[PDB]
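So you can see what is in the structure, the chains are spelled out below.
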Amino acid sequence: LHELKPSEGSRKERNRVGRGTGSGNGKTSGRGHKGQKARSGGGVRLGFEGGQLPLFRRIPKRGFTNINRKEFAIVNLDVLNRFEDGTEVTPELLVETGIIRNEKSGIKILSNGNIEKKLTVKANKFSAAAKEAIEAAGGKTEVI
Amino acid sequence: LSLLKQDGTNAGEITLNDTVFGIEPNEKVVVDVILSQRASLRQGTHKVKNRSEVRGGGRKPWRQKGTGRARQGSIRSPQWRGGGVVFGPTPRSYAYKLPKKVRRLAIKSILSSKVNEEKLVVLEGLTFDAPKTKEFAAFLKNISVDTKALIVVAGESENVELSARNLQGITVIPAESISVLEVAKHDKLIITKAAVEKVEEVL
Amino acid sequence: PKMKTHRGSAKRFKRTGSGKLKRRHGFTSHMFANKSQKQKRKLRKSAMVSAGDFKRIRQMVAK
Amino acid sequence: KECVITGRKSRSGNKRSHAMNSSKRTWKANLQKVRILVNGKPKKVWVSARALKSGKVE
RNA sequence: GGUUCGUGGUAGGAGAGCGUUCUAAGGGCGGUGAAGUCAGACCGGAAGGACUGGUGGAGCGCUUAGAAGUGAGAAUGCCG
RNA sequence: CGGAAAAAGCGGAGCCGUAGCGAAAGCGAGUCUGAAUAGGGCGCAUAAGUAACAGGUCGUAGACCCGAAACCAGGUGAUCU
RNA sequence: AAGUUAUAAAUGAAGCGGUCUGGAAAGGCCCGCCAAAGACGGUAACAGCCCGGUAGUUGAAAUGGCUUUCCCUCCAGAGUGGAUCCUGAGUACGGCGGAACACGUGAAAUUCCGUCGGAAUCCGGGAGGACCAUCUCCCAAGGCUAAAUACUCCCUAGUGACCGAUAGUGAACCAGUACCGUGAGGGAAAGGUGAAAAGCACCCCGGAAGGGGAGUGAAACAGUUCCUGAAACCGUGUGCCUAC
Ligand SMILES: [K+]
Ligand SMILES: [K+]
Ligand SMILES: [K+]
Ligand SMILES: [K+]
Ligand SMILES: [K+]
Ligand SMILES: [Mg+2]
Ligand SMILES: [Mg+2]
Ligand SMILES: [Mg+2]
Ligand SMILES: [Mg+2]
Ligand SMILES: [Mg+2]
Ligand SMILES: [Mg+2]
Ligand SMILES: [Mg+2]
Ligand SMILES: [Mg+2]
Ligand SMILES: [Mg+2]
Ligand SMILES: [Mg+2]
Ligand SMILES: [Mg+2]
Ligand SMILES: [Mg+2]
Ligand SMILES: [Mg+2]
Ligand SMILES: [Mg+2]
Ligand SMILES: [Mg+2]
Ligand SMILES: [Mg+2]
Ligand SMILES: [Mg+2]
Ligand SMILES: [Mg+2]
Ligand SMILES: [Mg+2]
Ligand SMILES: [Mg+2]
Ligand SMILES: [Mg+2]
Ligand SMILES: [Mg+2]
């Protein structure tokens, strides 16, 4: 404990402003001279422009949030190479393996990548291409 | 490593896993966990009064103009003698915890550092018929410890804590409590067979 | 406490995969007789918030 | 001042205007000072028209 | 350790450090005289640090890390 | 929960990221526009994040320090006038 | 009634070890010892072994509380039918005017207040964010309800990488005082002899104060604002310069 030497660049001496002119952070303390920004609490809102109309007020709102929106956990093909062929994949299996944690509103299997292995898969929705690839490897598909 | 009775006689050897005791230690990780623990210990019971908490104020002591005195607004402002403090301390928790994996690594590493430095002492058992700091100290010569040390126990061990607690450089713990800080705070590590087995199955 | 999101900005910006910010054009309400069709077929599109403006507004719509 | 039966009385709220200027006002109860039998005897008491339109004997 | 080009500087950016209070650990001096204070013609590239002597008459440094009520010459500053 | 104002262990609920596009339905390495298979926008191709620490800065909080004249609320005062 | 606890207490190991410095030893050096006791504090200086004590083990007459036991007190609960009957009325809702719900009348559900009106009541009634139907869930207009939560004028034991007398409570001292104000009300300053008063017998100057000796003490340039005693400031003396 009399030898502790933490990692280099993990720790760094706090700048201390306003304790001399040789610090370069002295008198004005990095604020300059005499404005709204040199004051305590000085500054303005994050989107203020001097009374010029802000960007957001010069452009229009758009849209609506749907309430019955369905967002689905996105599974690719690359993961499914982890399993020996002829077995059955399921949501419960994909959660147990930690590939998935949140079955958001369902599962969806997308054809990003490739499989090399014959598999029966079952899920809520498939993409056309992933269905094609699974079948082309001799796999099969069920819709839950 | 060697294994020796509390008589100090050779009892044989232990195989200690290189999963724990055989890795290269990460001294940087160990430092960080030491500081985490030492900083979680601190109590943070500091406090000071500002111009709103100091008793009084309210009256402007003189007119803004026409006295020749400097403009003032309270008898308790910071620049004033019995006045407020400007920011100062406020009660804080300093405690932070690094990730569990980092902390496990820290313990594995500090233990293997003790191994490499040849400051483990592993013994078949450790018991006392009754609490007796005489006997405990005599054991601490029958093994040439003679420095600051941490005893680790899980067995029967009915009286060892008491027979050690008066000694200043000595500490004892029940083998779950083994901390990075409590280890590094000492020089040598006196771990019984059952305690090391328990630490193994934990780690 | 946590920062409050700017809601008038949330209602009219949108993020991308690069973390940039998408917006809609803004002369597109009520005077289309005085705007060429070349102008309108472009204003009906989207746009990217510029760098100078993003540097100003990013911390209002970080979430 | 309150109805002896259902203790309704002056509560308070805002008076709003066009332009939604908010000012402060009170809603008093329609309390009428009339005889009733508080018990086996009579007494002249504040009572409310709501409570009076059926059920209480003058 | 060498060669070349450089080495005025306000606001301001970047870096490296001096020093103070406290903590932990290690290791130490100190009634044969601590901190502090007074004087000196010593030291270091700077902030600053030693040595000697006097006064004082019981605590204090060093090292590596850490945390801050961290360093004043001005505020018609505040108190004495 | 556990326990020394500890340390582990437990706790994976949730958070971030891994897939984006679209007002949305929805489709998905594509998607929206559009009649389009066209072009173009955003994405992918062109794959590194995450947790914690420290430094910088920003926001909310008095927020860097001191300083108004004034405003409001509860009270004290007609021993002067 | 029993037990336990709190409000007094008791017992409690081991060095007067030798020697050096010293005013004094708790400190240096060499020897030992105790420890379920090396917490703290004090003692002529830094003490586990000097003192009070601590660990541990015991104990409470009386009173108070808590936990158990007893007494005491008080205690109809399942089923099948379902002729009929009951199931919170000037409320529930609605209009107007306001308010609370994150929700600013907004498409404004839900809850509440004032005033107008004003239901069905079991083939009944409400809610599911206007509303209608269907479905689902539920019975208002009556009441009670511990625990987890919030705070600390207080008590007990304790902690602090909190202050250390311009700090820290305004207040370490007879401080909400003195003082100011008619009043409400504002509101200070101010700590340290020495281990022990051993607090200067006696002499001299002097009316006293104050001194100089003497003496006490390690020390009085520690003498009753008394540890240290910086700087501004005031002076005494003097080495060098200074009135074309
Ligand atoms: K000195
Ligand atoms: K495209
Ligand atoms: K002690
Ligand atoms: K409403
Ligand atoms: K319901
Ligand atoms: Mg710096
Ligand atoms: Mg800088
Ligand atoms: Mg500069
Ligand atoms: Mg300056
Ligand atoms: Mg200026
Ligand atoms: Mg200017
Ligand atoms: Mg400026
Ligand atoms: Mg304008
Ligand atoms: Mg105030
Ligand atoms: Mg330069
Ligand atoms: Mg300061
Ligand atoms: Mg009056
Ligand atoms: Mg002394
Ligand atoms: Mg309704
Ligand atoms: Mg209404
Ligand atoms: Mg409202
Ligand atoms: Mg109504
Ligand atoms: Mg609905
Ligand atoms: Mg002082
Ligand atoms: Mg004070
Ligand atoms: Mg003095
Ligand atoms: Mg001359």
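Structure determination for this entry is recorded as cryo-EM, at 2.9 Å resolution.

Enquirer: Got a minute to help me understand the overall build of chain D in this structure?
Expert: For chain D, the helix and strand inventory stands at 1 helix and 4 strands. When the helices and strands of chain D are read in sequence order from the N terminus, they spell out β-β-β-β-α. The globule rule puts the C-alpha radius of gyration for 58 residues at 10 Å, and the 16 Å found for chain D is more than 25% above it. Considering only C-alpha atoms, chain D reaches an extent of 55 × 20 × 15 Å along its principal axes. Residues classed as buried in chain D amount to 16% of the 58 residues present. Once local pairs closer than 6 in sequence are excluded, the contacts in chain D between residues at least 24 apart make up 23%.

Enquirer: Help me understand the nonpolar core in this model?
Expert: Within soluble globular proteins, side chains that are nonpolar tend to cluster in buried spots. All names here are of chain B. Ranked by size, the top nonpolar core spans 30 residues in total, and within it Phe21, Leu111, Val152, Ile178, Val180, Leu189 and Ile191 carry the most contacts. Within the residue set of this core, elements represented by two or more residues are α1 (27–41), α2 (100–116), β3 (120–123), β4 (149–152), α5 (180–184), β6 (188–192) and α6 (193–202). Those residues in contact with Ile178 that sit more than four places away from it in its chain are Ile107, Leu111, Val152, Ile173, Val183 and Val199.

Enquirer: What am I meant to see in the environment of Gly169(B) here?
Expert: All names here are of chain B. Assignment of secondary structure puts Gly169 in the loop between α4 (160–164) and β5 (170–173). When the C-alpha atoms of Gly169 and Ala149 are compared, they prove to be 6.4 Å apart, with 20 residues separating the residues in sequence. In this structure, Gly169 is in contact with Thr147, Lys148, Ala149 and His186, ignoring residues within four places of it in sequence.

Enquirer: For this particular structure, what's the right way to read the sheet that holds strand β5 (residues 125–126) of chain A?
Expert: To summarise the sheet geometry, strands pair through backbone hydrogen bonds and adopt either a parallel or an antiparallel arrangement. Residues and elements named next belong to chain A. Read from one edge of the open sheet, 3 strands run β1-β3-β5, paired in parallel fashion. Sheet topology places β1 (73–75) and β5 at the edges, where each strand pairs with a single neighbour. Where β1 meets strand β3 (residues 107–109), 3 bridges bridge the pair, whose relative direction is parallel. Of the residues in β3, the one forming a bridge with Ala73 is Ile107.

Enquirer: Would you mind going over the protein's contact with RNA strand E with me for this structure?
Expert: Of all residues adjacent to RNA strand E, which total 33 residues, the nearest are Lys12(A), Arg19(A), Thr28(A), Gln79(B) and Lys148(B). If you look at RNA strand E and keep only atoms within 4 Å of the protein, 66% of those are sugar or phosphate atoms. Each residue belonging to the surface near RNA strand E can be placed in one class, and the counts come to 8 nonpolar, 10 polar and 15 charged.

Enquirer: Sorry, what's going on with the sheet that holds strand β1 (residues 14–15) of chain C here?
Expert: All names here are of chain C. Pairing within the open sheet is antiparallel, and its 3 strands lie in the order β1-β2-β3. Taken across any chain shown, the strands that pair with only one partner, and hence form the sheet edges, are β1 and β3 (46–48). Strand direction decides the pairing type here: β1 and strand β2 (residues 21–24), joined by 2 bridges, are antiparallel. Counterpart to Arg15 in the pairing with β2 is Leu21.

Enquirer: What should I look at first to understand the pairing of β6(B) in this one?
Expert: Looking along a regular strand, one sees the side chains alternate between the two faces of the sheet. All names here are of chain B. With 5 of 5 residues buried, β6 is to be regarded as a mostly interior element. Taking every second residue as pointing to the same face, both faces of β6 are buried, with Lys188, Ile190 and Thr192 on one and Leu189 and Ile191 on the other. Sheet topology places β3 next to β6; 4 bridges connect them, and they run parallel. Within β6, the residue paired with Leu123 across the bridge is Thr192. Bridge analysis of β4 against β6 gives 4 bridges, and the strand direction is parallel. What sits directly across from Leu150, in β6, is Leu189.

Enquirer: Would you mind showing me how to read a positive patch on the surface here?
Expert: Taken together, the side chains of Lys38(C), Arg41(C), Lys42(C), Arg44(C) and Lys45(C) define a basic patch exposed on the protein surface. Relative to the helices and strands, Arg41(C) resides in helix α2 (residues 37–43).

Enquirer: Just checking my understanding: could you explain the interface of chain A and chain C for this structure?
Expert: Interface extent is often summarised as the accessible area lost during association of the parts. The partner chain C presents 15 residues to the 12 residues of chain A that form the contact. Contact between chain A and chain C buries roughly 1,300 Å² in total, counting both sides, with carbon and sulfur atoms accounting for 64%. On the chain A side of the interface with chain C, the three residues burying the most area are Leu46(A), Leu55(A) and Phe56(A), jointly 43% of the side's total. Taken together, chain A and chain C are joined by 1 salt bridge. Residue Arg56(C) pairs with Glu49(A) through a salt bridge whose shortest N-O separation is 2.6 Å.

Enquirer: Would you mind going over the protein's contact with RNA strand F with me for this structure?
Expert: Around RNA strand F there are 62 residues in total, and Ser111(A), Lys100(B), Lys22(C), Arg24(C) and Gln59(C) lie nearest to it. Among the atoms of RNA strand F close to the protein, meaning within 4 Å, 70% are from sugar or phosphate groups.

Enquirer: How do you make sense of the environment of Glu3(A) when you look at a structure like this?
Expert: As for its placement among the helices and strands, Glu3(A) is situated in the segment before β1. At 3.4 Å, the side chain of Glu3(A) and the side chain of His2(A) are in polar contact.

Procedures and definitions
- For every chain, the first residue of the written sequence is numbered 1, i.e. counting runs from 1 onward, and this need not coincide with the entry's numbering; residues without coordinates are not included.
- Lettering for chains starts from A, numbering for ligands starts from 1, and both go in the order in which the items are written.
- These chains belong to a larger assembly; all numbers given describe just the chains displayed.
- Side-chain measures here rest on the full set of heavy atoms in the structure, leaving out hydrogens and waters.
- Here a helix means four or more residues in a row that DSSP labels H or I, a strand means two or more in a row labelled E, and each is numbered from the N terminus.
- Only C-alpha atoms enter the radius of gyration; for comparison, a globular chain is expected to reach 2.2 Å times N to the power 0.38, where N is the number of residues.
- Exposure classes here rest on a 1.4 Å probe applied to the protein chains alone. A residue is buried below 20% of its type maximum, exposed above 50%, and partly exposed in between.
- The contact criterion used is simple: two residues touch if any of their non-hydrogen atoms lie within 4.5 Å.
- By nonpolar core is meant a set of buried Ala, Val, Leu, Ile, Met, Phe, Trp, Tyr and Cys residues that side-chain atoms within 4.5 Å join together.
- One requirement defines pairing of two strands: DSSP has to find at least two bridges between them.
- Each residue is tested against the molecule or strand, and it is near if at least one of its non-hydrogen atoms lies within 4 Å.
- When residues are grouped by polarity, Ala, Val, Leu, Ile, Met, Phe, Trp, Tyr, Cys and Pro land in nonpolar, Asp, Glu, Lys and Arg in charged, and all others, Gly among them, in polar.
- Only residues whose relative accessible area exceeds 30% and that take part in no salt bridge are eligible for patches, with like-charged residues grouped when within 9 Å of each other and nonpolar side chains (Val, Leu, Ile, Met, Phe, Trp, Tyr) grouped when within 5 Å.
- Under the convention used here, a 1.4 Å probe and the Shrake-Rupley method define accessible areas, while residue burial counts only the protein chains that appear.
- Whenever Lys or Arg places a side-chain nitrogen within 4 Å of a carboxyl oxygen from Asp or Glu, that contact is recorded as a salt bridge.
- In this tally, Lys and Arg are treated as positive and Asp and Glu as negative; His is ignored, and so are the chain termini.
- The atom standing in for a charge is NZ when the residue is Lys, CZ when it is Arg, CG when it is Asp and CD when it is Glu.
- In this description, buried area is defined as the sum, over both parts, of the accessible area (probe of 1.4 Å) that is lost when the two are combined.
- Two N or O atoms form a polar contact when they lie within 3.5 Å of each other; inside protein one atom must be a possible hydrogen donor and the other a possible acceptor, and for residues adjacent in sequence the pair counts only when both atoms belong to side chains.

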